[PDB]
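# sequence, then structure. It's an experimental one.
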Amino acid sequence: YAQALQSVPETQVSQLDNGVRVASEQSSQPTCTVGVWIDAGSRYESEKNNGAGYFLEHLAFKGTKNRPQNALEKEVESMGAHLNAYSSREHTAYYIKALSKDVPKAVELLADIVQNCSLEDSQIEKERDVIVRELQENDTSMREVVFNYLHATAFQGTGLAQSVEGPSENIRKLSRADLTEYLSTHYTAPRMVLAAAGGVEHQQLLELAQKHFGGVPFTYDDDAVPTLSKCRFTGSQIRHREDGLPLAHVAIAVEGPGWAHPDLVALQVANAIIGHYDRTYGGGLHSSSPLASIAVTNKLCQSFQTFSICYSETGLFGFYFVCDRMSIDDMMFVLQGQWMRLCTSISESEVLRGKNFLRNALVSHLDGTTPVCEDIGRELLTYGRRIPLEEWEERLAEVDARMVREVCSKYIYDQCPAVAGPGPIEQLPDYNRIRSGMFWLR
Amino acid sequence: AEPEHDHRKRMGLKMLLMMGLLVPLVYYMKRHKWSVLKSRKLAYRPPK
Ligand SMILES: CCCCCCCCO[C@@H]1O[C@H](CO)[C@@H](O)[C@H](O)[C@H]1O
């Protein structure tokens, strides 16, 4: 095992005279996946700019000036390659998966997109109504509105509070211009990363990129990367009620440290302890995760998930459960009790497993090419370089009990949480109560 | 008629100072817990 890790090939990295960082992991696999990952999200938008990046995503594929829609689509389909992508609050990306016999072709396709989207005044107007619709579909997914609302209130009044898709007004009116304005402002080499994994050999990649990414920086701005305005967390709640729904959704959380910070490992290990449930499990005997056990014994919920979603300089460490109108309270009671237990009286027997369960994730985090690429893409972009499983190992292979406590309690104990809840939530006690559910009557 | 007198008053003093100090504290405390409501904000959003 340790050897298996030790024998895992290093991930080549190198920046251009441009600013783009080109990294990759050579394997053998006849297939592979390459793509660019941008240092851009909704976080970077304005009150009037917000949604661009997304409006933009829906056009990124519909063709370039160098080769219109009918073609781009035809050329990719024709080579059996897959082009897909996404955009969060601080992180966007476009990736392709082909037979590593096409690094050069893929690489070119990529560039041609992150640099020359047609932005056909005629296509735009179409996607405009496609989103407004797609948006009204994202809506009934109470599992997502809830998180949005969480962020909303959690980081109320700041860039983070804005949802990645954006208001209908913005989408109804963004101009062919604004989109261009968003592209030419954030899609710059210094903030972008060209990553890959497969049978591809670094050099052929570099050159190929160094060839199609012919960007040139004049001034110093171009060459530099602007740091964002800090986001203020706020212990608060938001309740979107409607007994009209089948069941309720709840999400509570404290502020997170941020990528850079190490503790995100100990903290990542703690969540592995409370883990997650889901009525399709087979386990009233689930190892620890009493929250799950209890959830089963007393029928506390349909499911729940522990999460340490983080950003550049902040984040959200919390949990979210889906439950029936009548078991909302106990569930919250029992869970919120686990955080305390977590940081007030944890045990080695627990952390031991915690670790293992993580390591197994940590590894399956890299199952395939597309996913690996995702790490290189991210890692660089958010951490600075790449963290080898061999490393993550140690980092989280030396977390003892006392370590979990010290930290969890450092981030959870007597902190003013941020809760959000849509659906039939009459039974969810007031803030004050969930608040004083943040300190154990030790 | 009331030998207490002096004792009863020195006592009255001490009580007055406690009321003085105790009520404002619990007042601030009462005000503190409540704020979550006094400040609260409703909104009605029918999907129309
Ligand atoms: C609710 C507020 C209650 C105030 C406290 C009551 C104080 C009573 O204090 C009394 O003061 C006397 C005079 O010095 C002493 O002789 C007594 O022993 C003492 O008990």
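Perfect, I can see it now. Numbering: from 1, shown residues only, chains lettered A, B, ... in the order given.

# what's the burial count for residue A:218?
7 (other C-beta atoms under 10 Å in any protein chain shown). All C-beta spots, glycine's among them, are computed from the backbone N, C-alpha and C.

# over to residue A:8?
Counted with other C-beta under 10 Å, the neighbours of residue A:8 add up to 14.

# with the one 4 residues further on instead?
Here the count is done by other C-beta under 10 Å, and residue A:12 has 18 residues near it.

# for residue A:45, which non-adjacent residue is spatially closest?
residue A:52 (6.0 Å; C-beta to C-beta, 6 or more residues apart in numbering or on different chains).

# surely that neighbour meets residue A:179?
Yes - between residue A:52 and residue A:179 there is a contact under C-beta atoms under 8 Å: 5.8 Å.

# tell me which of these two has more neighbours.
A count of neighbours by other C-beta under 10 Å puts residue A:52 above the other of residue A:52 and residue A:179, at 27 against 19.

# please, which helix or strand holds the residue in chain B that the ligand sits nearest to?
Closest approach between chain B and the ligand, counting by C-beta to the nearest ligand atom: residue B:18, at 3.5 Å. Element membership for residue B:18, per DSSP states H and E: helix B:5-38.

# by contact count, what packs against the helix or strand residue A:322 falls within?
Counting by DSSP H and E, the element that carries residue A:322 is strand A:315-323. In terms of contacts (3 or more C-beta pairs under 8 Å, 6 or more residues apart in numbering or on different chains; DSSP states H and E), strand A:315-323 is packed against helix A:142-154, strand A:248-256, helix A:266-274, strand A:303-310, helix A:328-344.

# what sits closest to residue A:127 if chain neighbours are left out?
residue A:58 (4.3 Å).

# would you confirm that that neighbour contacts residue A:133?
No - Residue A:58 is not in contact with residue A:133 according to C-beta under 8 Å; the separation is 11.4 Å.

# who's more crowded, those two?
Neighbours around residue A:58 and residue A:133, counted as other C-beta under 10 Å, are more numerous at residue A:58. The numbers are 17 against 10.

# element containing the more buried one, please.
Residue A:58 is part of helix A:52-60, with elements assigned from DSSP H and E.

# so the helix holding residue B:18, near chain A or not?
Yes - Helix B:5-38 lies within reach of chain A by C-beta under 8 Å from any C-beta of the partner chain, at B:33, B:36.

# tell me how far that helix lies from the chain's centre.
Helix B:5-38 sits 6 Å away from the centroid of its parent chain (C-alpha atoms, centre = their mean, to the nearest Å).

# do the same with stretch A:127-137
22 Å.

# ditto for stretch A:15-24
23 Å.

# can you pull the buried residues of that stretch?
Buried residues in stretch A:15-24, counted by 16 or more other C-beta atoms under 10 Å in any protein chain shown: A:16, A:18-24.

# what of stretch A:203-212?
Neighbour counts over stretch A:203-212 (16+ other C-beta under 10 Å) mark A:205-206, A:208-210, A:212 as buried.

# out of the residues you listed, list just those in helices.
Those of these mapping onto helices are A:205-206, A:208-210, A:212, per DSSP state H.

# return the member of those nearest to the ligand.
residue A:209 (78.6 Å).

# please report the distance of the residue of chain B closest to the ligand from residue A:58.
69 Å (C-beta to C-beta, to the nearest Å).

# taking the stretch 51-200 of chain A, what residue is nearest to chain B?
Relative to chain B, the nearest point of the stretch 51-200 of chain A is residue A:139 (9.2 Å; C-beta to the nearest C-beta).

# is it correct that residue A:295 falls within a helix?
Yes - using DSSP: H, G, I helix; E, B strand; the rest coil, the assignment for residue A:295 is a helix.

# quick one, what contacts it?
By C-beta atoms under 8 Å, 6 or more residues apart in numbering or on different chains, the contact list for residue A:295 reads A:277, A:301, A:304, A:331, A:334.

# report the distance from stretch A:4-18 to the chain centre.
23 Å.

# distance between the ends of that stretch?
36 Å (C-alpha to C-alpha, to the nearest Å).

# and the contacts of it?
The contact list for stretch A:4-18 (C-beta under 8 Å, 6+ apart) reads A:21-27, A:189, A:202, A:206, A:209-210, A:213-217, A:376, A:380, A:385-386, A:388-390, A:393.

# check these for burial and list the buried ones.
Judged by 16+ other C-beta under 10 Å, buried ones among these: A:21-27, A:189, A:202, A:206, A:209-210, A:213, A:215, A:376, A:380, A:386, A:388-389, A:393.

# restrict those residues to contacts with the ligand.
With C-beta under 6 Å from any ligand atom as the criterion, the buried ones among the contacts of stretch A:4-18 include none near the ligand.

# looking at the residues you listed, which are in helices?
Counting by DSSP H, those place A:202, A:206, A:209-210, A:376, A:380, A:389, A:393 in helices.

# what about residue B:45, neighbour count?
Using other C-beta under 10 Å, residue B:45 is surrounded by 7 other residues.

# how about residue A:283?
11.

# one more: residue A:48?
13.

# residue contacts, it?
residue A:170.

# if I look at it, how far off is residue A:174?
Distance, residue A:48 to residue A:174, by C-beta to C-beta: 9 Å.

# same question, residue A:84
Distance from residue A:84 to residue A:174, by C-beta to C-beta: 23 Å.

# how is chain A divided into domains?
Split into domains by curated CATH domains, chain A comes to A:11-224, A:236-439.

# circling back: so the residue of the stretch 51-200 of chain A closest to chain B sits right up against residue A:145, yeah?
Yes - Residue A:139 lies in contact with residue A:145 (C-beta under 8 Å); the separation is 6.4 Å.

# neighbour-wise, which of the contacts of residue A:295 leads?
residue A:301 (29 neighbours).

# so who does the nearest residue to that residue once chain neighbours are set aside touch?
Distances taken as C-beta to C-beta, 6+ apart put residue A:323 closest to residue A:301, at 4.1 Å, once the chain neighbours are dropped. Contacts of residue A:323 were listed using C-beta under 8 Å, 6+ apart, and they are A:247-248, A:250, A:300-302, A:331.

# how about a cut-off of 6 Å?
A:248, A:301, A:331 (C-beta atoms under 6 Å, 6 or more residues apart in numbering or on different chains).

# looking at the stretch 1-150 of chain A, what residue ends up closest to the ligand?
For the stretch 1-150 of chain A, C-beta to the nearest ligand atom, closest residue to the ligand: residue A:150, 44.9 Å.

# which ones are touching that residue?
Contact analysis of residue A:150 by C-beta under 6 Å, 6+ apart lists A:251, A:420.

# thinking again about what came up before, residue A:139 and residue A:145: which has the busier surroundings?
residue A:145 (19 against 12).

# which strand or helix spans the closest residue to that one other than its chain neighbours?
Using C-beta to C-beta, 6+ apart and skipping residues adjacent in sequence, the residue nearest residue A:145 is residue A:422, 5.9 Å away. Assigned by DSSP H and E, residue A:422 belongs to strand A:418-423.
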